[PDB]
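Structure, as structure tokens:
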Amino acid sequence: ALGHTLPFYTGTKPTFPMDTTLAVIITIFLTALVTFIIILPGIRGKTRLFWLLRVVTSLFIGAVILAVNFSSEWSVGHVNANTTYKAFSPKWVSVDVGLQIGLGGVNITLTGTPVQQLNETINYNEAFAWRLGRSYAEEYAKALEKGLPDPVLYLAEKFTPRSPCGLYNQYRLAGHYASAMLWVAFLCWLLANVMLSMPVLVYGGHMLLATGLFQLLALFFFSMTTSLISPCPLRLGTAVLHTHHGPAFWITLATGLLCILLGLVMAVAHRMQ
Amino acid sequence: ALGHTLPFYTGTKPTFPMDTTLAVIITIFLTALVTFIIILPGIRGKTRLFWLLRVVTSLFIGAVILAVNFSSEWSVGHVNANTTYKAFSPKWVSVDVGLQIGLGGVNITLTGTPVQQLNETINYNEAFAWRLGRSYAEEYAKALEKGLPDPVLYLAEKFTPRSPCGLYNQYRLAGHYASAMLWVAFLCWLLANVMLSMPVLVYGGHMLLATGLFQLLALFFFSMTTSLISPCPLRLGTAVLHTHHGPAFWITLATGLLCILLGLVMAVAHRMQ
Amino acid sequence: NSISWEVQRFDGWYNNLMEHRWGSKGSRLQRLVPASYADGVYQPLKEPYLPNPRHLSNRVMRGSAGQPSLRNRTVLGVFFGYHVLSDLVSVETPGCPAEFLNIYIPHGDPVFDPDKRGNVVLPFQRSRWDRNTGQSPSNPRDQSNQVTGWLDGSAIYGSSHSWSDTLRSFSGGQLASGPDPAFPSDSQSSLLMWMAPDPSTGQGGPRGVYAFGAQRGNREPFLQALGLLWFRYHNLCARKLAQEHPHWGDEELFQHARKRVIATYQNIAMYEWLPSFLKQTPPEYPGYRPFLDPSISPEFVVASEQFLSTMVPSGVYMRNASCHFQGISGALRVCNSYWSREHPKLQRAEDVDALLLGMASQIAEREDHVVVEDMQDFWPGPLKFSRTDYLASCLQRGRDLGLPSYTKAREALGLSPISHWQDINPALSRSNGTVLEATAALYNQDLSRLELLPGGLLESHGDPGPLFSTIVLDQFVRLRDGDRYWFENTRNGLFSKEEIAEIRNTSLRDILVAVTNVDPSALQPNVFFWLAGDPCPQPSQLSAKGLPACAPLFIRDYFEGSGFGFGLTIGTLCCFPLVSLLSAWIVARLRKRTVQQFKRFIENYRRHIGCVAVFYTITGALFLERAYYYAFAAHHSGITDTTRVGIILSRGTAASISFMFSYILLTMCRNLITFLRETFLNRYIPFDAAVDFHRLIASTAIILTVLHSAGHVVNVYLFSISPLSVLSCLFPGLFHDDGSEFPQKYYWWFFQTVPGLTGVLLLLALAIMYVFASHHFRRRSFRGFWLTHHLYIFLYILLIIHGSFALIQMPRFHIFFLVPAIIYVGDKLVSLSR
Amino acid sequence: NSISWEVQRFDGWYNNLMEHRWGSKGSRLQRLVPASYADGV
Ligand SMILES: *[C@@H]1O[C@H](CO)[C@@H](O[C@@H]2O[C@H](CO)[C@@H](O[C@@H]3O[C@H](CO[C@H]4O[C@H](CO[C@H]5O[C@H](CO)[C@@H](O)[C@H](O)[C@@H]5O[C@H]5O[C@H](CO)[C@@H](O)[C@H](O)[C@@H]5O)[C@@H](O)[C@H](O[C@H]5O[C@H](CO)[C@@H](O)[C@H](O)[C@@H]5O[C@H]5O[C@H](CO)[C@@H](O)[C@H](O)[C@@H]5O)[C@@H]4O)[C@@H](O)[C@H](O[C@H]4O[C@H](CO)[C@@H](O)[C@H](O)[C@@H]4O[C@H]4O[C@H](CO)[C@@H](O)[C@H](O)[C@@H]4O[C@H]4O[C@H](CO)[C@@H](O)[C@H](O)[C@@H]4O)[C@@H]3O)[C@H](O)[C@H]2NC(C)=O)[C@H](O)[C@H]1NC(C)=O
Ligand SMILES: *[C@@H]1O[C@H](CO)[C@@H](O[C@@H]2O[C@H](CO)[C@@H](O[C@@H]3O[C@H](CO[C@H]4O[C@H](CO[C@H]5O[C@H](CO)[C@@H](O)[C@H](O)[C@@H]5O[C@H]5O[C@H](CO)[C@@H](O)[C@H](O)[C@@H]5O)[C@@H](O)[C@H](O[C@H]5O[C@H](CO)[C@@H](O)[C@H](O)[C@@H]5O[C@H]5O[C@H](CO)[C@@H](O)[C@H](O)[C@@H]5O)[C@@H]4O)[C@@H](O)[C@H](O[C@H]4O[C@H](CO)[C@@H](O)[C@H](O)[C@@H]4O[C@H]4O[C@H](CO)[C@@H](O)[C@H](O)[C@@H]4O[C@H]4O[C@H](CO)[C@@H](O)[C@H](O)[C@@H]4O)[C@@H]3O)[C@H](O)[C@H]2NC(C)=O)[C@H](O)[C@H]1NC(C)=O
Ligand code: HEC
Ligand code: HEC
Ligand SMILES: CCCCCCCCCCCC(=O)OC[C@H](COP(=O)(O)OCC[N+](C)(C)C)OC(=O)CCCCCCCCCCC
Ligand SMILES: CCCCCCCCCCCC(=O)OC[C@H](COP(=O)([O-])O)OC(=O)CCCCCCCCCCC
Ligand SMILES: *[C@@H]1O[C@H](CO)[C@@H](O)[C@H](O)[C@H]1NC(C)=O
Ligand SMILES: *[C@@H]1O[C@H](CO)[C@@H](O)[C@H](O)[C@H]1NC(C)=O
Ligand SMILES: *[C@@H]1O[C@H](CO)[C@@H](O)[C@H](O)[C@H]1NC(C)=O
Ligand SMILES: *[C@@H]1O[C@H](CO)[C@@H](O)[C@H](O)[C@H]1NC(C)=O
Ligand SMILES: *[C@@H]1O[C@H](CO)[C@@H](O)[C@H](O)[C@H]1NC(C)=O
Ligand SMILES: *[C@@H]1O[C@H](CO)[C@@H](O)[C@H](O)[C@H]1NC(C)=O
Ligand SMILES: *[C@@H]1O[C@H](CO)[C@@H](O)[C@H](O)[C@H]1NC(C)=O
């Protein structure tokens, strides 16, 4: 290269735009789709559509079951408020606070309405996890030592163990069992694709029903939390924060009903003709 | 049971007498020996000794190669001195300080000559590891926060990164490559036992030589440290601490020469008759 | 908006620029003298070395109750001091693992051992400590403070933001109220307040337990009156701001009233109560010292809080607004009022006003070693007894905190040395002289062993004494000068110069007149003293004569009525085979209508012996690994203090049957077996005996599940007689330690838990699957055997659910189950095409 | 022997009973005014 200054590479270091564990899934399934599109011209002209649909929907269902698990948009909330920012400063900022409660943690986003307000850049996105292998209390203590802005710590301690609003145990158990149901549904999807390749129509059409029923069971498990965060106040200055059902909830509902419909259609079409 | 007091089980909680990763090895190989002794009466009377020796020595060599790796008695030292004990106390204790330098760490032992001197129990045995997956500096900082006795911290910081006596890099590299050679020797022992079961005399007699040569190579790698800890002072009050070659060194030497002798005997006895 | 300053945090963080953690909640208590433990770390001094607590409380701290104070201090001052100390320090929450430092009642104590027996142990649990301090001698154990060490009104608003949120109504800038706007709301009942039972009646509900900022603010009606005062005062300040600034929101009103209330509280607690407690005016404010360490010392817990008990009276008056005492005798007995729920005399607002006025015009007890019986005999007990000894449990807490001796603390603080016993208190030695002799006899004339609390009480004549005054004054000076948000620190922007003067000229009578709408001529200017001219004198000094007697002692039994149902449940679980056997019986009935021979055996079955030996050594290795961990390597979690043999026997067999039940399918992988039948493996493994091996692994894995179920039948019994403060340490997230100590019943563990309820179904499935798959019934009806033997699907489903809900450890069965299930289902799919 | 006091450590640890790390080597520099950086950090 060329070394004539110090440092040698004088430039701003970049940051990844989106979530990594979602871009991985999108790229993997786009790669598989491209491979099958490449193979496509090597199949008979009649069954081209019958293969295209059968592979596209199978891949889409398998990708949704896996992306919804690691998603953090099951219950989401959002509000625009004026809050305090940091310690040793009487200055207030105008931000867009948000909550994103997943199955094994919560992501809190503080973002200024102008991103540059106090000669700073307010674009936070913080994650506190309560999975079975993690400890929420140690993560909150570490995020309190390193001094995050004030509203981030407020919303982060609302979910802490042994708080006057008992959200920790409920969200932890519900997320644990919803994640387990989703893993079982993924296993059933794998077995459905296997027992559909070799000619077994009944068993494939019966594993699709299981792939759907376990997604609906995950919905049932996670919906036992909405009756708990409703009374607990999430006031941030002059604004209240209300959480409702996010996109991952309705996505799981839609693909569950789709799998159930496909299973029933296969069973019926196997019985009569 | 019976609950009539608080706590229910009022008794001293025990401690394991010896090292765990050595008792595991001893019990495993004693179990294998007992199994083969049980099978022994089911073999012809002539080949009983030929099987007994061939299985006992093979097992003993395989156990030594594995126990010497996790041992911490490659270079050892010992002295009896009067030293300070703790902070905020002008009192001195009479102890038996010792060093035990292994391949991936060091064990330091402070033990009073009477174990009970200052209304305390002085029977320490502390381990600081410099393996590739560990950090000596963080372990030393954590052992300095939690306040261990004064001589333990002295000997523990002699091996710390960036000390006026450069022991860290030398001991780290030498231990790393000696451990690698010992793993290769263990693999060669496995292959020797495999290629001896099925009838291959030449290749078995030639893998025994490798099993010996890699042990001797481990000795060569670790012996590049003795010329470094000799000038660095280990004074503890009125006593000096000198380290020499421990039992693991001579054990590896003995089994290496044994494997080499067996390999040569097999090769010679395969050539002439 | 209108908030032109930096609002103060609730948990005390970021108050100091350099040390962010100073004063925060859950922070260490920083001691003045190095810790004096038995081994140097974490182990208390005990009864062979130091005298017996209950035997020491009877020889020095015992006497009558009609002793007036020397300075004419009033009861309102005593309980205002209790309120302030609830703001500063709280060290009474037991910590994990559960450790006990019990109190052995001497044989014949007329209170705790009337029917003379031998062992009448009173339980006592050590408090919470810091997890970085208990291991080595140059860093002994340090306990942690449950509230914020700053004098920041952390007893009115709470020590966290989420706590303060449950106290606000979010309308008008006020704290939440109930049906009566003069009392807080007792709605939150799960994780807010301390639900300790009433010792005199046993009531333990959350109805009548008001919500304050201090977790234990309902301990007495007299400590409740101060909390009600400071609740009504906030709701009164936030209601005058809304009258001056009608355009302010709710957060502005709250943060403007909170600031004024904290400043008024600081002014009173520092410049009106302290000059009365110590009889020494503190030095004037020099300015904010960013480098002074304001931490709370463990000796301050004894100098301030445990000393106030020498002044608590036996009864408390009630007064009109104009000198009428018959409850607005009419005094409240203090022993019958602990953790009172709904007092029939304190249900209106005028009644609490009458209590505050009567406390204001009543002189407290003399400051000396004597303590009234309502505290050393009838203190509300936290474990198993409902009554305890406050002094004997204050001596046991000094030993637990590792506090110095009396002559050793008197030296580190720079006080003159003391040689004889008649020098602790010359006036006491001249008048009585029979208390110092008894103390000497108890300590064997070893003055260097006299501990902090008995020494500071014998040294006190009319005031706290030389040693206690020093600790208290130094602590308060360091709390004032080290706090950034002190209302006099003009560089924080809270108040202007005129507001600071208007606050510095406010007293407690001004607050009692604001809240209680009485004429200011009904109280005295300084309500911490009652002098010869003040209004509404006492009727007479209130001794323990005419008052009702204290409610007697009763022992709590957790396993009281659970004897019959426990036997029925165990008998039913043991009768599961005897009902499946009857079902199989009727099903069948309706379906009908020398040494040379030894070595020969060895050489025949060499392969069988080898395979069985390998299998059983693997199961033994798993059992021994778990038994090792729970016998030698799990002491940081005190689970072997409750169940030792039970948990080892039940967690070893768990790891062994997780392997026996997983690898039992490799004996029925038929296609894999028939493929490996002709291979070099045939020289080592006899594949002809693959079903006989099925019945061996199966009939040896039930002998371990019986041990598992029996071990957990023993555990569930010991879990249903242990206190709630122990279970809260064992199983967090399943139990929470509030005041009411009572565990869950036995049937809660069996039929209302995931493991307990799946375990019974597993036992039933096995009891059917094993009895029907028996050589006596398999030979007589193959269809019944074939139908019942398909319960293994249900079995593995239940086994995956059973291990979830990680109670003792994280699940591991799926790790054991992945590989054999995959091999089995693959072999099953292969055997489907053919 | 003849050393009748507590010899002083070389790295400054355990000089204070309460704050063991005060004055030690490699410890923070504690400022008098909040840090004035370009972005605050
Ligand atoms: C949910 O959530 C989650 C969570 O978040 C997620 O996840 C995620 O995601 C993402 C993707 O997208 C990511 O993350 C990210 O990342 C990034 C990167 O990273 C990297 O880098 C970094 C940086 O560093 C630098 O800097 C610093 C300071 O800061 C320093 O110190 C250093 O040294 C460096 O420096 C350098 O560079 C620079 C440039 O840049 C220059 O200038 C200089 O000179 C130098 O040279 C780093 O740090 C990192 O590292 C880390 O990590 C690792 C791994 O982990 C480790 O290993 C290491 O060690 C480290 O660590 C540490 O720390 C931690 C904490 O952090 C701890 O824990 C540990 O222990 C240690 O201590 C790497 O390397 C980054 O960047 C980011 O961050 C951001 O964000 C966050 C949140 O949001 C926060 O917290 C932070 O703080 C930040 O923020 C900030 O910034 C921004 C910009 O960027 C802004 O906007 C904001 O606002 C803020 O601001 C503030 O501050 C600043 C300063 O700081 C200022 O300026 C302003 O004004 C204001 O004040 C993040 O982190 C990943 O991938 C993931 N993961 C994780 C774990 O993260 C998810 O996705 C979600 N989900 C959904 C669905 O959404
Ligand atoms: C080399 O080297 C190495 C190293 O060492 C080795 O290895 C090893 O080995 C061995 C075998 O033999 C072992 O070790 C051992 O172990 C044992 C056991 O452990 C267990 O336990 C424990 C205990 O605990 C208890 O205690 C405490 C106090 O201390 C408390 O805190 C707790 O809580 C508990 O308590 C309880 O109990 C008691 C009774 O006991 C009662 O009383 C009460 O009440 C209650 O109840 C524990 O701790 C543990 O745990 C731990 O660990 C785990 C695992 O790791 C974890 O997880 C947890 O968490 C924990 O941890 C913690 O800590 C740590 C540190 O330690 C850190 O790291 C973390 O982070 C956390 O924080 C278990 O469970 C033990 O015991 C031992 O120890 C001992 O030793 C050592 C050394 O030596 C030291 O350091 C220590 O300190 C100790 O010492 C002491 O003691 C002794 C007796 O025992 C004595 O003798 C001495 O002298 C000393 O003394 C001192 O101190 C004391 C107090 O402390 C006093 O008293 C006196 O006076 C003085 O002062 C050990 O550790 C194992 O196995 C292994 N490994 C390891 C890692 O370790 C090897 O072997 C070598 N090699 C060769 C070749 O040789
Ligand atoms: C953990 C589950 C499990 C237990 C416990 C168990 N078995 Fe079985 N058993 C199986 C499975 C799985 C099969 C295979 C059934 C099949 O796929 O045909 C099987 C098959 C059998 C067969 C069928 C052999 C054949 O002709 O194919 C017999 C006989 C048998 N088991 C006897 C027993 C006996 C006797 C016991 C204990 C008393 C027992 N089993 C306990 C799981 C179990
Ligand atoms: C068929 C076997 C079986 C029976 C019967 C059984 N268990 Fe278990 N149990 C297990 C296994 C296996 C585990 C461990 C699961 C794991 O580690 O993933 C376990 C674990 C447990 C655990 C600990 C779970 C955890 O969170 O770690 C409890 C509690 C328990 N069993 C209670 C019971 C009770 C109560 C009964 C009936 C009285 C019972 N079990 C009967 C097999 C059984
Ligand atoms: C590949 C060919 C064979 C390989 C075998 C050797 C591999 C290394 C072994 C590591 C094991 C280990 O380390 O165990 C660690 C654990 C406990 O850990 P700890 O002491 O807390 O950790 C610190 C580790 N120290 C001490 C080295 C620092 O001890 C145990 O479980 C003991 C349980 C007994 C196991 C029973 C097996 C007996 C045979 C069955 C008889 C019927
Ligand atoms: C630590 C404990 C020490 C143990 C020492 C003594 C062990 C005693 C074992 C006794 C062996 C024996 O007597 O044989 C009885 C049965 C008979 O089999 P068969 O040939 O009569 O059908 O044979 C069996 O029971 C079979 C067991 C081994 C069969 C292995 C088959 C592998 C199956 C397929 C796996 C994929
Ligand atoms: C923040 O302050 C501005 C300034 O008046 C105001 O217009 C805006 O409404 C405030 N935000 C909220 C959420 O009230
Ligand atoms: C901060 O930003 C303001 C407005 O953009 C500007 O006037 C000021 O100089 C900035 N301060 C620093 C330290 O850059
Ligand atoms: C320790 O002190 C004793 C007391 O005189 C002495 O005899 C002994 O030699 C001393 N130890 C050493 C190693 O010098
Ligand atoms: C310490 O031990 C000495 C001698 O054994 C004894 O005299 C002293 O009382 C002990 N101290 C404590 C606190 O047990
Ligand atoms: C004092 O009590 C009497 C009767 O108990 C009552 O009539 C009178 O109103 C009371 N005084 C005040 C000021 O309330
Ligand atoms: C307090 O304020 C009042 C009101 O004017 C004043 O009369 C008095 O002198 C001030 N100081 C006191 C009461 O000590
Ligand atoms: C203290 O109160 C009594 C009556 O309770 C009174 O006689 C005495 O004068 C008071 N003390 C002083 C110093 O006035």
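Chains as they are written, first to last, in the numbering used here: chain A, 180 to 452; chain B, 180 to 452; chain C, 1118 to 1951; chain D, 1233 to 1273.
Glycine residues also receive a C-beta, built at the ideal position from the N, C-alpha and C atoms.
DSSP, reduced to helix, strand and coil, places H183/B outside both helices and strands of the structure shown, so it counts as coil. Buried is the label assigned to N1542/C, since at least 16 other Cβ atoms lie within 10 Å of its Cβ.
Note on geometry: alpha-carbon atoms of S314/A and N1219/C lie some 33 Å from one another.
A distance below 7 Å between beta-carbons, with the five flanking residues on each side excluded, links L1134/C to the following residues of its chain, in chain order: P1407.
The contact set of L1134/C on chain D, defined by CB atoms closer than 9 Å, consists of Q1262, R1263, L1264, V1265, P1266 in chain order. For the pair of segments examined, the stretch 399-417 of chain A was found not to touch the stretch 204-218 of chain A: the number of CB pairs separated by less than 8 Å stays below three.
Taking a Cβ-Cβ cut-off of 7 Å, the neighbours of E299/A in chain D comprise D1271, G1272, given in sequence order. Assignment of beta-bridge partners to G256/A by DSSP yields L278/A, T422/A. Taking a C-beta distance under 8 Å as the contact criterion, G425/B and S268/B do not qualify as a contact pair. DSSP, reduced to helix, strand and coil, places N304/A within a strand of the structure shown.
Contact check for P1227/C against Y1154/C fails: the beta carbons are separated by 8 Å or more. Counting C-beta pairs closer than 8 Å gives three or more between the stretch 1738-1754 of chain C and the stretch 1769-1788 of chain C, which meets the contact rule. Ranked by Cα distance from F1902/C, the options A1884/C, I1918/C, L1916/C, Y1913/C are led by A1884/C. Around ligand 5, the residues selected by a Cβ distance under 6 Å to any of its heavy atoms are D198/B, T199/B, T200/B, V203/B, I204/B, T206/B, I207/B, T210/B, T1734/C, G1737/C, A1738/C, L1741/C, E1742/C, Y1745/C, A1750/C, following chain order. Per DSSP, reduced to three states, the secondary structure at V1808/C is coil, with no helix or strand assignment.
As a beta-bridge residue in DSSP terms, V272/B pairs with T262/B. The residue from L1239/C, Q1655/C, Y1221/C with its alpha-carbon nearest to that of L1474/C is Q1655/C. Just so you know, the alpha carbons of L380/B and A353/B end up roughly 35 Å apart. Bridge pairing for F1217/C: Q1242/C [DSSP].
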